[PDB]
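Chemist: Right, I'll just put the structure down here and ask away after.
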Amino acid sequence: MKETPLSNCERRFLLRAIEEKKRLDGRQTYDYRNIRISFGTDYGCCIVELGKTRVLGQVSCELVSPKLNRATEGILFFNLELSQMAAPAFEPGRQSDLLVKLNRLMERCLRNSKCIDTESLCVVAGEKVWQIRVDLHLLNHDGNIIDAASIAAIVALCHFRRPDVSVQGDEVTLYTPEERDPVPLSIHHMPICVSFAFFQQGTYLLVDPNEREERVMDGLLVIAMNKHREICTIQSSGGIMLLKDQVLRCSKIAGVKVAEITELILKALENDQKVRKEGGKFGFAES
Amino acid sequence: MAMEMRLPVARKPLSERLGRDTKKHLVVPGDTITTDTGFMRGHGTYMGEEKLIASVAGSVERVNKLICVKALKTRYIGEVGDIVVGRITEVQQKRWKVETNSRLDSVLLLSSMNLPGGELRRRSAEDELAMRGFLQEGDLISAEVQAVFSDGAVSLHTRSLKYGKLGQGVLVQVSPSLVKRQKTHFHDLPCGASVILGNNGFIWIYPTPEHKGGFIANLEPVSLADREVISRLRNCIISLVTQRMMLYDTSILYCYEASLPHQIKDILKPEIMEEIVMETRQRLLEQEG
Amino acid sequence: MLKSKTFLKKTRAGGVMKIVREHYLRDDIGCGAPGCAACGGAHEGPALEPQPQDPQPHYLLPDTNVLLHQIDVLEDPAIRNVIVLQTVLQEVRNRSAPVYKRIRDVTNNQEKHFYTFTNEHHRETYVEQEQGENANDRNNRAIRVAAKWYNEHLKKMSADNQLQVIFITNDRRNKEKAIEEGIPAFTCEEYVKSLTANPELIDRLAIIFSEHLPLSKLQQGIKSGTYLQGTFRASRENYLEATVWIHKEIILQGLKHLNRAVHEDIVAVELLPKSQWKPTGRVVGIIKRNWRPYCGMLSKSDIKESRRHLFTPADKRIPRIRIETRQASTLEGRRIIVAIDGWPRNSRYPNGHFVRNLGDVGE
Amino acid sequence: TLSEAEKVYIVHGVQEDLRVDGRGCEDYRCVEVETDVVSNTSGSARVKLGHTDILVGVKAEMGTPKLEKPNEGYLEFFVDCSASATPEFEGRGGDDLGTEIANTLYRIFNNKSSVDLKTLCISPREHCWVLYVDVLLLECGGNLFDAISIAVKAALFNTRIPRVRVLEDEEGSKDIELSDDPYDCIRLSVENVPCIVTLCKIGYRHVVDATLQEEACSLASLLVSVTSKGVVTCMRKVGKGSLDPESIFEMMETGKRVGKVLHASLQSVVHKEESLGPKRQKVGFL
Amino acid sequence: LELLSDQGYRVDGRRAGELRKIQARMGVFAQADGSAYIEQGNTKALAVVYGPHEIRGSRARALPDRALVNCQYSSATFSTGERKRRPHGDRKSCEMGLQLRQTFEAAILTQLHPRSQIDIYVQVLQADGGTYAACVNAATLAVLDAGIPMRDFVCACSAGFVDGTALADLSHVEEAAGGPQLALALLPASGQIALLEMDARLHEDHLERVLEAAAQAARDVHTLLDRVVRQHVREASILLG
Amino acid sequence: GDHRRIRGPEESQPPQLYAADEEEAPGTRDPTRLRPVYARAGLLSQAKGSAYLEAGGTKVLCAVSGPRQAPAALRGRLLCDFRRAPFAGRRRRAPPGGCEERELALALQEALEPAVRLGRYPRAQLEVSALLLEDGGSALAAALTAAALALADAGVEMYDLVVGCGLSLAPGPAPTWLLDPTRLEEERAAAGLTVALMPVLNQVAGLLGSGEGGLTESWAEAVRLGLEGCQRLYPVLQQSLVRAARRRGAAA
Ligand SMILES: [Zn+2]
């Protein structure tokens, strides 16, 4: 198949409405869309939908022989798939550039920022360690992914629980979720990306761009942040010439945005725990 | 037999053996050419914030009011009368697609190629089918440009019978910025051969005949006394280019006359290359002035 | 200038490879003395002093062993001025962490002029490596070259009626070699004696474990004869008195006889002759390791770069552990729990790993 | 590619014992050899034969030996046919030629008498050396195989494996003891490592160092692998054309002679360079 | 081991604000339309640019407005001490390709070569830190050698943060320590950044420092490169006449 | 893990390597001997041409998927896929391969392009697919011969047939060239060789070799010996093709 071409009418109208600082749906430039965080029945599943963009996230575990360079700390395996239901162009093995950049960015952001404790999840140093993989799947594609993918990975890795294990010497004993209560993970800080889109070589900048705004933009600035104001990654794509003050301002924005998103995530987890502590296999949060 | 190995020696830069201290105005991207009231721009520059900014590495040239740049390495841009030599790449239903050292695929329309003898009536489908059996894919043509399109491509033709398809000969590929823009690229030297010097970087070297348009292939042998000369010319051209000097009748003739003592093979060894080039250059410089 | 120094290394994945690093020989390095123009006059921070007086002027520079065994002879305030090198400091760093830390904490004091001199990155004192010369010899020869250079430099600076440098050793071999190399040289004892200052200066100075037989041989020897299994146990009394219970009560002492047991294990005791007994047993193998996550705290190495950190459990009946975590910033002050993973034949401490943190102490 | 009349010219030239470079049919061209280019490797080399530039890295790693041959180690070959040679190579189009060349290089070393692998064994069945050779193409101007082989040999000659004592201990604890003497690193003999030789047949005459323009003019090419003694390890044939039974013998004899000459010259050159020392400055890509 | 001695020096023997001597060249391979070589320390990048030429297998991607940049990355197996395989096709070399492509499509000024491939190729022979910037700069020198118009030297380099200070042009040691490293590539004439990659955790107020430091390092790299280029152009012109 | 095949174990080593014995050595035999050959063309139905060859423990198929649209540029092509079944040889190898399959494929292509005349098959690619069911000695030669039979059967034009032959070297003190050997004579060997020619016009088409050692004269004797073997083998293939053509005449 193929994506429908973009008419000059829409392009010019968008550029003008930007010049005049007018978005389409009716929001400002420094605003996200209503993001909803919904949970599943199995610890580790989360569907996060911002506006029209829905993304699914599952977290699974295994025990495996670690790699020699790091025989003490475990492993972590990201993967993001762009399901053909996200959009027509997403045939298998065709839109590889987008996959590559997204996956490298997400790996970098979460792994190298040391968001979780790869050490806590050791069982037998040299023989058996955990292996936590996280599979994100793109269901609907309307605009901003990285933010959605990240919020999903984070809600999952904070809403996941391992099968408890006992150990003595080399004797390792795994157990079932019914015999004991699974144990959660160990996070230090939850980073979530923030996407800025540049229009007219750098003059205008938007937040949470829709799909059209992504088609008539020249540049994309991703910025990862925490609630403690700690840059984890920043990336520029699209072949665009920005400056210093622009990234400084974008960072001062990402600060507030990430603080708010984090408050929401925490509220969501609280509500989900409350529900399961009352009978109910769901959990729901709204921006 | 004879085989030889040798370590790599380090270059000797700055070309101090000459000692010129040129009187030119070199530049590089980002450099700001003279900013004045309404100076027109040419190939090798652009504009930014009311400032004429270079775009390519080379020397600047200021014609009466036009500011251009003359880079030192490019691919053949199409002029309108420049002769050219070309290796064919494709045979489309309507025309031939030819490869020059150009930024696109040069084009020879079926209407352009001359016909066997002077049998000129018009082009029909029978000609459309002989379009292949005569000018095979991979062959060579010595043409001259007809025109340049807005997309950059070059449509070329064959004005007379001196042009057309080429015999067996030999060929060299050099840079196009190493052939002096002058007239009569078609030379027939006293050495016993003849040479074609493209406005592009394709030089052709063929033994000179005695009769004096490629519609027949004289796939006959060539006397040793006319292949040794061609090979020596080939190696002399390679020498000249390896030392970054211009290329035309007198240059090649004098490198030839220089490379008689040194045999037909030992004049690619960088030492011999350099001494021949120095001799030729010095004698040109002193004789011309 | 530029120098490419190579050297091999053993990986973490039981492997060997090679490194090729660069080494820049800067010529804008300072001696530390103001007088030496052509090295820089306005050079603040820790630096030497114009007129020293305890050979009255007497700058001095020591060798490694002196730093390692007489830091108090230097930490003292009775001295005023001294030069310190780079190789010396690197060796101190490699051997002892506390000593290196002390020397740094002192170099941070503008008064006690412990001016450092980067000899390795200097165009003159630097000296390459040579086949047939160990690294210790490399550093020794480098220090000697530095001393000789110092003598020449400070010689041409002024009339030499103002300043003179000294080399200090601990053993007389090094000193004597220095003399045969054409320079002054003392030992710490001679110097600390010559000053006839208060006697405070002299006052401030005056295991490889056995093997382990596999479970096959242990089980074979118990049935067949000598060896007998039992539960190992320690005591709050002493780090050495331990009790084995047979499946009778054996006693055993000494870090060797305590061949890597723990409060509750399954050891294969051998019995010692009656010339030492109430009996006295020895350990040669383990039939069943019986461990568990021990709670405790993380005593760190002040080096903020180091990964290996020491762990003190709460029960006095356990040895400290040598873990690998990189955090060492979030944990100090918060009780953790660690699981043991081994005890090879080279370490007085075992090798463990963190499994979870609980909360700051006192809570 | 090229035309038909040029092919006629070239073939009659060969039949006449001349060539566009004015050389006969048994004459290579100046091959610039260099060694110790890259530093992070346990061995390296570079060749520039006319307009073909090859780089070769050699890494001596520690790995498990092969069950069928625990008494000695092994050579592995990888070949990056970088698109920098001709743009028609990419992540998939150069795999063909890379695989071909690697399979050849293996076939040259299933000989058991070329590199004494027994010298590469530390502890049988437990640890061993592994020579990861990495060829890197940067131009393609013909006579590719001969240059690759010469580079492999110069790299082997320039390989310096360190001595290691792997001491066992009970309760599964292993220790490696280095020798802190980068000057005391071992050196593997190459008195048998063979050179490749590519005889392309043009008309009714055979030719060595078949330049591209002449490869396109040919129909068959016999690859021989010779050692300095005179034996013939490998004898392969490549070409979309036929080949007579008698010409094979002439090709083989010529390969023998050319191998003698080539190995002599290479040995002399590399001894020279090893003599000079760091005074050479290692001019590479500058 | 250590990164910043209390005096201000590094391991290699250079302060924070300086970098290692780049030694370069332009004109390695003649069978191409543009070539270069650079060693920014122990690193050794190698670039090639097959010029604006025809598209084959048109496959309906020949942009009619502008040109088609195709840049390929490669890190040789023997680059690092740890041997690796599959240097191409990996999920990292392709990201590097994207990066180089979106830089040079910004700089290379394609509006003048429509329906034409500019094929950039980069091979890294030796890596000791700063592996992307060396490649950016080598490809720049290549482009220039190929007389391809381009707005400005797109000069790149890397910075880092240690002990409350900013380092310029990191090596592998302090690159392995895990500290924040920020690589970038800017166009000096305008002061505009063409690329800004970054990977590690650090506070925000500590951003301007490393940012301006990387910028100044790139300016210095610009000086060195342009001196090289001017020597090259001068020699060539002198030989012409 | 491959996601186009069944989830098996990560690694799996055979039992032989865990055996303890000195395998049996062949001993003596007539060096200029040939194994009994069964060659038949026309086996397969769904293929334009097919052939089957058995020589000792060697058992090879070859099929020819005929012209499939895809001067010197409008010249035919033939792409050959050699493939040994995973149940051949002492050891098991996953179906894909990627090391020696492709080498032998190159060999087949280099030995077939000469015989076949592709000017009469322009703009076309012939898909040759060989399959080695069991390895019992000279394999690449059997594959060459079988592909030749399959082509000649499908009715593609040619100049002559292709006959292969494999040789080995006895590592004894008096090394003799062993003709048409067995997997045992080939794994206990010092050198191996493979010739392939077109016997009418007496021209080699593709050969190959390797050695723990050797020397010019020895290799030359090997060559001529393989030529004689191929000559003595040709008539079998002739009769096989004649027989298949007779069966076709019978069918209609
Ligand atoms: Zn001084």
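Letters A, B, ... mark the chains of the structure tokens in the order given; residue numbers begin at 1 per chain; ligand numbers begin at 1, in order shown.
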List every residue of stretch 68-198 of chain F that DSSP, applied to the backbone, labels as alpha helix (DSSP H), and write the result as JSON, numbers by chain.

Modeler: {"F": [101, 102, 103, 104, 105, 106, 107, 108, 109, 110, 111, 112, 140, 141, 142, 143, 144, 145, 146, 147, 148, 149, 150, 151, 152, 153, 154, 183, 184, 185, 186, 187]}

Chemist: Would you write out those residues with N, CA and C atoms, as a compact mmCIF listing (two decimals), in the first residue's frame?

Modeler:
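The resulting out.txt:
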# COMPACT_ATOMS: atom_id res chain seq x y z
N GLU F 101 28.33 -24.97 0.68
CA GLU F 101 27.28 -25.06 -0.33
C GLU F 101 27.51 -24.03 -1.43
N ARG F 102 27.79 -22.79 -1.04
CA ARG F 102 27.95 -21.72 -2.01
C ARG F 102 29.22 -21.89 -2.83
N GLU F 103 30.28 -22.41 -2.22
CA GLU F 103 31.50 -22.67 -2.97
C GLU F 103 31.24 -23.69 -4.07
N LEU F 104 30.58 -24.79 -3.72
CA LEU F 104 30.29 -25.81 -4.71
C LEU F 104 29.28 -25.31 -5.74
N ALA F 105 28.39 -24.39 -5.34
CA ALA F 105 27.49 -23.76 -6.30
C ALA F 105 28.27 -22.95 -7.33
N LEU F 106 29.20 -22.12 -6.87
CA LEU F 106 30.07 -21.41 -7.79
C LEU F 106 30.76 -22.38 -8.72
N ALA F 107 31.21 -23.51 -8.19
CA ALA F 107 31.87 -24.51 -9.02
C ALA F 107 30.93 -24.99 -10.12
N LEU F 108 29.70 -25.35 -9.76
CA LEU F 108 28.75 -25.82 -10.76
C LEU F 108 28.51 -24.78 -11.83
N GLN F 109 28.36 -23.52 -11.42
CA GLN F 109 28.08 -22.47 -12.39
C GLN F 109 29.25 -22.28 -13.34
N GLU F 110 30.47 -22.31 -12.80
CA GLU F 110 31.67 -22.14 -13.60
C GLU F 110 31.93 -23.32 -14.52
N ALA F 111 31.42 -24.50 -14.17
CA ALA F 111 31.60 -25.67 -15.01
C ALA F 111 30.47 -25.88 -16.00
N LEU F 112 29.33 -25.22 -15.80
CA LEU F 112 28.20 -25.36 -16.71
C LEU F 112 28.11 -24.24 -17.74
N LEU F 140 30.93 -33.35 -5.74
CA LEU F 140 30.79 -32.24 -6.67
C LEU F 140 30.77 -32.74 -8.11
N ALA F 141 31.52 -33.80 -8.41
CA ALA F 141 31.54 -34.34 -9.76
C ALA F 141 30.20 -34.96 -10.12
N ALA F 142 29.65 -35.77 -9.22
CA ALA F 142 28.31 -36.31 -9.43
C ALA F 142 27.31 -35.20 -9.67
N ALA F 143 27.45 -34.09 -8.95
CA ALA F 143 26.51 -32.99 -9.09
C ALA F 143 26.64 -32.33 -10.45
N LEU F 144 27.88 -32.12 -10.91
CA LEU F 144 28.09 -31.60 -12.25
C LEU F 144 27.43 -32.50 -13.29
N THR F 145 27.71 -33.80 -13.20
CA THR F 145 27.16 -34.73 -14.18
C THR F 145 25.64 -34.74 -14.16
N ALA F 146 25.06 -34.68 -12.96
CA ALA F 146 23.61 -34.72 -12.84
C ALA F 146 22.97 -33.45 -13.39
N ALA F 147 23.57 -32.30 -13.12
CA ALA F 147 23.05 -31.06 -13.68
C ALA F 147 23.14 -31.07 -15.20
N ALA F 148 24.24 -31.59 -15.73
CA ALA F 148 24.36 -31.73 -17.18
C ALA F 148 23.25 -32.61 -17.74
N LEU F 149 23.02 -33.76 -17.10
CA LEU F 149 21.95 -34.64 -17.55
C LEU F 149 20.60 -33.94 -17.51
N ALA F 150 20.32 -33.23 -16.42
CA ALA F 150 19.02 -32.59 -16.28
C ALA F 150 18.82 -31.53 -17.35
N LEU F 151 19.87 -30.75 -17.63
CA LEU F 151 19.78 -29.75 -18.68
C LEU F 151 19.54 -30.41 -20.03
N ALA F 152 20.43 -31.33 -20.42
CA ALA F 152 20.27 -32.05 -21.68
C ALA F 152 18.91 -32.71 -21.79
N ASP F 153 18.31 -33.04 -20.65
CA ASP F 153 16.99 -33.67 -20.64
C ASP F 153 15.90 -32.64 -20.90
N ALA F 154 15.91 -31.53 -20.16
CA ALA F 154 14.92 -30.49 -20.40
C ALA F 154 14.99 -29.96 -21.83
N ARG F 183 33.98 -41.81 1.06
CA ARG F 183 34.09 -40.83 2.13
C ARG F 183 35.21 -41.18 3.10
N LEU F 184 35.52 -42.46 3.24
CA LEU F 184 36.62 -42.87 4.11
C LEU F 184 37.97 -42.59 3.47
N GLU F 185 38.14 -43.01 2.22
CA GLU F 185 39.35 -42.67 1.49
C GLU F 185 39.53 -41.18 1.31
N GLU F 186 38.48 -40.39 1.55
CA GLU F 186 38.53 -38.95 1.34
C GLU F 186 38.74 -38.18 2.63
N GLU F 187 38.28 -38.71 3.76
CA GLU F 187 38.56 -38.10 5.05
C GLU F 187 39.90 -38.53 5.62

Chemist: If you count only C-alpha atoms and all ligand atoms, which residues end up within 9 Å of ligand 1, as number ranges by chain?

Modeler: C: 29-40, 150, 153-154, 157

Chemist: Using 6 Å as the limit and counting only C-alpha atoms, can you tabulate each residue of chain A that touches chain E, with its shortest atom-to-atom distance in Å and the two atoms involved, as a Markdown table?

Modeler:
| residue | atom | partner | partner_atom | distance |
| --- | --- | --- | --- | --- |
| A:113 | CA | E:201 | CA | 5.5 |
| A:229 | CA | E:203 | CA | 5.7 |
| A:230 | CA | E:203 | CA | 4.2 |
| A:231 | CA | E:202 | CA | 5.3 |
| A:232 | CA | E:201 | CA | 4.3 |
| A:233 | CA | E:199 | CA | 5.0 |
| A:234 | CA | E:198 | CA | 5.5 |
| A:235 | CA | E:197 | CA | 5.0 |
| A:236 | CA | E:196 | CA | 5.5 |
| A:238 | CA | E:102 | CA | 5.8 |
| A:239 | CA | E:102 | CA | 4.2 |
| A:240 | CA | E:194 | CA | 5.9 |
| A:241 | CA | E:194 | CA | 5.1 |
| A:242 | CA | E:193 | CA | 5.5 |
| A:243 | CA | E:192 | CA | 5.4 |

Chemist: How close does each residue of chain D get to chain F, giving the shortest atom pair and distance in Å to one decimal for every residue with an atom at most 9 Å away, counting only C-alpha atoms, sorted by chain and residue number, as a tab-separated table?

Modeler:
residue	atom	partner	partner_atom	distance
D:67	CA	F:17	CA	7.7
D:68	CA	F:17	CA	7.6
D:96	CA	F:102	CA	8.8
D:99	CA	F:99	CA	7.5
D:100	CA	F:103	CA	6.7
D:103	CA	F:103	CA	7.0
D:104	CA	F:103	CA	8.9
D:107	CA	F:210	CA	6.4
D:108	CA	F:210	CA	7.4
D:109	CA	F:212	CA	8.6
D:110	CA	F:212	CA	6.7
D:111	CA	F:212	CA	3.9
D:112	CA	F:212	CA	6.1
D:113	CA	F:212	CA	6.8
D:114	CA	F:212	CA	8.9
D:230	CA	F:215	CA	7.0
D:231	CA	F:215	CA	4.3
D:232	CA	F:215	CA	5.3
D:233	CA	F:211	CA	5.1
D:234	CA	F:210	CA	4.6
D:235	CA	F:209	CA	5.3
D:236	CA	F:208	CA	4.5
D:237	CA	F:207	CA	5.7
D:238	CA	F:110	CA	6.5
D:239	CA	F:110	CA	6.0
D:240	CA	F:110	CA	5.4
D:241	CA	F:114	CA	4.9
D:242	CA	F:205	CA	4.9
D:243	CA	F:204	CA	5.1
D:244	CA	F:203	CA	4.7
D:245	CA	F:203	CA	6.2
D:248	CA	F:220	CA	8.4
D:249	CA	F:220	CA	6.8
D:252	CA	F:216	CA	6.8
D:253	CA	F:216	CA	7.3
D:256	CA	F:216	CA	8.0

Chemist: Residues of the last selection are to be written out with C-alpha atoms, as a PDB file, in the first residue's frame.

Modeler:
ATOM      1  CA  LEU D  67      36.918 -31.034  19.329  1.00  0.00           C
ATOM      2  CA  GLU D  68      38.399 -32.964  16.408  1.00  0.00           C
ATOM      3  CA  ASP D  96      29.257 -13.057  -2.731  1.00  0.00           C
ATOM      4  CA  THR D  99      32.464 -15.513   0.706  1.00  0.00           C
ATOM      5  CA  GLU D 100      34.355 -16.680  -2.378  1.00  0.00           C
ATOM      6  CA  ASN D 103      36.464 -20.003   1.114  1.00  0.00           C
ATOM      7  CA  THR D 104      39.649 -19.778  -0.939  1.00  0.00           C
ATOM      8  CA  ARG D 107      41.176 -23.965   1.218  1.00  0.00           C
ATOM      9  CA  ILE D 108      44.728 -22.596   1.304  1.00  0.00           C
ATOM     10  CA  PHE D 109      45.095 -23.532   4.978  1.00  0.00           C
ATOM     11  CA  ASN D 110      43.514 -26.971   5.254  1.00  0.00           C
ATOM     12  CA  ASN D 111      47.109 -28.042   4.713  1.00  0.00           C
ATOM     13  CA  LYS D 112      48.380 -28.791   8.237  1.00  0.00           C
ATOM     14  CA  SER D 113      51.893 -27.834   7.070  1.00  0.00           C
ATOM     15  CA  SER D 114      51.541 -24.068   6.516  1.00  0.00           C
ATOM     16  CA  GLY D 230      57.781 -25.324  -5.270  1.00  0.00           C
ATOM     17  CA  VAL D 231      54.778 -27.409  -4.224  1.00  0.00           C
ATOM     18  CA  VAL D 232      51.206 -26.528  -5.204  1.00  0.00           C
ATOM     19  CA  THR D 233      48.765 -26.505  -2.298  1.00  0.00           C
ATOM     20  CA  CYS D 234      45.626 -25.418  -4.170  1.00  0.00           C
ATOM     21  CA  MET D 235      44.676 -25.402  -7.852  1.00  0.00           C
ATOM     22  CA  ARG D 236      41.330 -23.763  -8.617  1.00  0.00           C
ATOM     23  CA  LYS D 237      39.742 -22.578 -11.848  1.00  0.00           C
ATOM     24  CA  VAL D 238      37.460 -19.578 -12.267  1.00  0.00           C
ATOM     25  CA  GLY D 239      35.747 -18.154 -15.323  1.00  0.00           C
ATOM     26  CA  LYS D 240      32.558 -18.413 -17.355  1.00  0.00           C
ATOM     27  CA  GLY D 241      34.591 -20.094 -20.082  1.00  0.00           C
ATOM     28  CA  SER D 242      36.421 -23.243 -21.061  1.00  0.00           C
ATOM     29  CA  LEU D 243      40.044 -24.310 -20.759  1.00  0.00           C
ATOM     30  CA  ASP D 244      42.225 -26.834 -22.574  1.00  0.00           C
ATOM     31  CA  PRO D 245      43.992 -29.739 -20.851  1.00  0.00           C
ATOM     32  CA  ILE D 248      46.942 -26.245 -17.603  1.00  0.00           C
ATOM     33  CA  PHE D 249      50.486 -27.578 -17.451  1.00  0.00           C
ATOM     34  CA  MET D 252      51.204 -24.541 -13.464  1.00  0.00           C
ATOM     35  CA  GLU D 253      54.881 -24.310 -14.427  1.00  0.00           C
ATOM     36  CA  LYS D 256      55.780 -22.305  -9.872  1.00  0.00           C
TER      37      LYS D 256
END

Chemist: Counting only C-alpha atoms, which of B:181, B:20, B:162, B:187 gets nearest to residue B:212?

Modeler: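 That would be B:162, the residue with the smallest distance to residue B:212.
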
Chemist: Can you list, as a PDB file with N, CA and C atoms, in the first residue's frame, every protein, DNA or RNA residue that comes within 9 Å of residue C:341 when you count only C-alpha atoms, leaving out same-chain residues fewer than 5 positions away?

Modeler:
ATOM      1  N   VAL A 124      22.389 -16.364  40.527  1.00  0.00           N
ATOM      2  CA  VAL A 124      23.618 -17.140  40.618  1.00  0.00           C
ATOM      3  C   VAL A 124      24.652 -16.471  39.729  1.00  0.00           C
ATOM      4  N   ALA A 125      25.650 -15.850  40.347  1.00  0.00           N
ATOM      5  CA  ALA A 125      26.610 -15.039  39.618  1.00  0.00           C
ATOM      6  C   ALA A 125      27.535 -15.917  38.788  1.00  0.00           C
ATOM      7  N   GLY A 126      27.179 -16.127  37.526  1.00  0.00           N
ATOM      8  CA  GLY A 126      28.016 -16.870  36.608  1.00  0.00           C
ATOM      9  C   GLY A 126      27.245 -17.949  35.882  1.00  0.00           C
ATOM     10  N   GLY A 169      23.300 -21.777  48.322  1.00  0.00           N
ATOM     11  CA  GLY A 169      24.435 -22.296  47.587  1.00  0.00           C
ATOM     12  C   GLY A 169      24.214 -22.254  46.090  1.00  0.00           C
ATOM     13  N   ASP A 170      24.015 -23.429  45.496  1.00  0.00           N
ATOM     14  CA  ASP A 170      23.613 -23.545  44.104  1.00  0.00           C
ATOM     15  C   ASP A 170      22.163 -23.978  43.958  1.00  0.00           C
TER      16      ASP A 170
ATOM     17  N   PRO C 350      35.107 -13.498  50.625  1.00  0.00           N
ATOM     18  CA  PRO C 350      34.423 -14.189  49.533  1.00  0.00           C
ATOM     19  C   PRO C 350      33.915 -13.210  48.488  1.00  0.00           C
ATOM     20  N   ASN C 351      33.178 -13.703  47.499  1.00  0.00           N
ATOM     21  CA  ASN C 351      32.616 -12.865  46.450  1.00  0.00           C
ATOM     22  C   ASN C 351      31.104 -13.009  46.456  1.00  0.00           C
ATOM     23  N   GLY C 352      30.413 -11.892  46.659  1.00  0.00           N
ATOM     24  CA  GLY C 352      28.972 -11.890  46.770  1.00  0.00           C
ATOM     25  C   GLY C 352      28.283 -11.026  45.737  1.00  0.00           C
ATOM     26  N   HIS C 353      26.997 -10.768  45.953  1.00  0.00           N
ATOM     27  CA  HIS C 353      26.272  -9.833  45.112  1.00  0.00           C
ATOM     28  C   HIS C 353      25.063  -9.280  45.850  1.00  0.00           C
TER      29      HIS C 353
END

Chemist: Would you list the contacts of residue F:10 as number ranges by chain, taking every protein, DNA or RNA residue within 12 Å and counting only C-alpha atoms, but skipping same-chain residues closer than 6 positions in sequence?

Modeler: F: 1-2, 94

Chemist: Near residue D:98, within 9 Å and counting only C-alpha atoms, which residues show up once chain neighbours fewer than 6 positions away are dropped, as a list in words?

Modeler: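 Using only C-alpha atoms, the neighbours found are residues 78, 79, 80 and 81 of chain D.
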
Chemist: Next, dump the selected residues to file, keeping only C-alpha atoms, as a PDB file, in the first residue's frame.

Modeler:
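Okay, part.pdb is ready:
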ATOM      1  CA  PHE D  78      36.531 -12.619   7.471  1.00  0.00           C
ATOM      2  CA  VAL D  79      36.454 -10.382   4.413  1.00  0.00           C
ATOM      3  CA  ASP D  80      34.872  -6.926   4.407  1.00  0.00           C
ATOM      4  CA  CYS D  81      34.348  -6.081   0.733  1.00  0.00           C
TER       5      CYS D  81
END

Chemist: Using only C-alpha atoms, which chain D residues lie at most 8 Å away from chain C, written as a PyMOL selection string?

Modeler: chain D and resi 39-42+61-62+170-171+173+176+180-183

Chemist: Quick check: residues of chain C within 6 Å of chain A, only C-alpha atoms, returned as a VMD selection string.

Modeler: chain C and resid 12 to 13 289 to 292 354 to 356

Chemist: Which residues are near residue B:25? Cut-off 10 Å, only C-alpha atoms, ignore same chain within fewer than 6 positions. Put them as a PDB file with C-alpha atoms, in the first residue's frame.

Modeler:
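Output contents, as saved in part_18.pdb:
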ATOM      1  CA  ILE B  33      33.635  36.706  -1.187  1.00  0.00           C
ATOM      2  CA  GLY B  58      39.229  26.595  -5.366  1.00  0.00           C
ATOM      3  CA  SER B  59      40.218  29.945  -6.793  1.00  0.00           C
ATOM      4  CA  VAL B  60      37.763  32.785  -7.264  1.00  0.00           C
ATOM      5  CA  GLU B  61      37.386  34.558 -10.602  1.00  0.00           C
ATOM      6  CA  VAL B  69      34.657  29.901  -8.671  1.00  0.00           C
TER       7      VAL B  69
ATOM      8  CA  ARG E 234      47.437  25.806  -2.890  1.00  0.00           C
TER       9      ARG E 234
END

Chemist: If you run DSSP on the backbone, which residues of stretch 112-203 of chain F are strand (DSSP E or B), as an MDAnalysis selection string?

Modeler: chainID F and resid 124:134 137 163:169 177:179 182 191:198 203

Chemist: Looking at only C-alpha atoms, which of F:122, F:93, F:161, F:72 is the one that sits closest to residue F:241?

Modeler: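 Going through F:122, F:93, F:161, F:72 one by one, the smallest distance to residue F:241 is for F:161.
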